[PDB]
Amino acid sequence: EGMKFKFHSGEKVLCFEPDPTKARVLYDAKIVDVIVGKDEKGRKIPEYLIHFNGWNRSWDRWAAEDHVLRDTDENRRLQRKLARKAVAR
């Protein structure tokens, strides 16, 4: 690998809505795999296979490190804020 990974396989996490057509929110999620990938420019980055809790494995997707947050009180609070803001009615 060479590089440093902030998260690890098996780690329960909060992952942002990966669909840009959808409201920004944080899902309860789990790291399922980790590789070295690339950004828009071809520069090496870390990437994570995310399974989203309560969603079947067809929703699994690769995310960049910054789209994933550690599951903490602090990020739980943010999850609440983002979720209640997304209610459109």
# chains A, B, ... in the order shown; residues from 1 in each chain; ligands from 1
>>> select_by_dssp(residues="chain A", states="strand (DSSP E)", output="PDB file with C-alpha atoms, in the first residue's frame")
ATOM      1  CA  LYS A  12     -18.722   0.653  11.999  1.00  0.00           C
ATOM      2  CA  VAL A  13     -18.887   4.185  10.531  1.00  0.00           C
ATOM      3  CA  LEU A  14     -21.008   7.086   9.265  1.00  0.00           C
ATOM      4  CA  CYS A  15     -20.951   7.493   5.483  1.00  0.00           C
ATOM      5  CA  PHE A  16     -22.370  10.464   3.607  1.00  0.00           C
ATOM      6  CA  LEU A  26     -25.133  10.360   7.183  1.00  0.00           C
ATOM      7  CA  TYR A  27     -25.936   6.655   7.124  1.00  0.00           C
ATOM      8  CA  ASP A  28     -25.001   4.099   9.725  1.00  0.00           C
ATOM      9  CA  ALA A  29     -22.462   2.040   7.756  1.00  0.00           C
ATOM     10  CA  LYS A  30     -19.710  -0.571   7.864  1.00  0.00           C
ATOM     11  CA  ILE A  31     -16.304  -0.770   6.163  1.00  0.00           C
ATOM     12  CA  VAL A  32     -16.225  -4.002   4.131  1.00  0.00           C
ATOM     13  CA  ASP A  33     -12.969  -3.636   2.189  1.00  0.00           C
ATOM     14  CA  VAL A  34     -10.084  -1.210   1.708  1.00  0.00           C
ATOM     15  CA  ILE A  35      -7.950  -0.505  -1.395  1.00  0.00           C
ATOM     16  CA  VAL A  36      -5.663   2.106  -2.964  1.00  0.00           C
ATOM     17  CA  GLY A  37      -7.666   3.979  -5.606  1.00  0.00           C
ATOM     18  CA  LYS A  38      -7.492   7.194  -7.609  1.00  0.00           C
ATOM     19  CA  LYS A  44      -3.427   7.745  -5.277  1.00  0.00           C
ATOM     20  CA  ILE A  45      -6.030   7.893  -2.502  1.00  0.00           C
ATOM     21  CA  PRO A  46      -7.408   5.455   0.032  1.00  0.00           C
ATOM     22  CA  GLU A  47     -10.850   3.984  -0.835  1.00  0.00           C
ATOM     23  CA  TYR A  48     -13.397   2.025   1.208  1.00  0.00           C
ATOM     24  CA  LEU A  49     -16.109  -0.446   0.251  1.00  0.00           C
ATOM     25  CA  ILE A  50     -19.132   0.646   2.251  1.00  0.00           C
ATOM     26  CA  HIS A  51     -22.130  -1.430   3.200  1.00  0.00           C
ATOM     27  CA  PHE A  52     -25.019   0.716   4.402  1.00  0.00           C
ATOM     28  CA  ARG A  61     -20.160   1.252  -2.849  1.00  0.00           C
ATOM     29  CA  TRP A  62     -16.644   2.604  -2.807  1.00  0.00           C
ATOM     30  CA  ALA A  63     -16.177   5.908  -1.013  1.00  0.00           C
ATOM     31  CA  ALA A  64     -13.237   8.278  -0.581  1.00  0.00           C
ATOM     32  CA  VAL A  68     -16.576   8.545   5.698  1.00  0.00           C
ATOM     33  CA  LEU A  69     -16.642   9.706   9.323  1.00  0.00           C
ATOM     34  CA  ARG A  70     -15.874   7.825  12.533  1.00  0.00           C
TER      35      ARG A  70
END
>>> atom_distance(atom1="atom CA of residue 25 of chain A", atom2="atom CA of residue 60 of chain A")
16.3 Å
>>> atom_distance(atom1="atom CA of residue 18 of chain A", atom2="atom CA of residue 76 of chain A")
17.9 Å
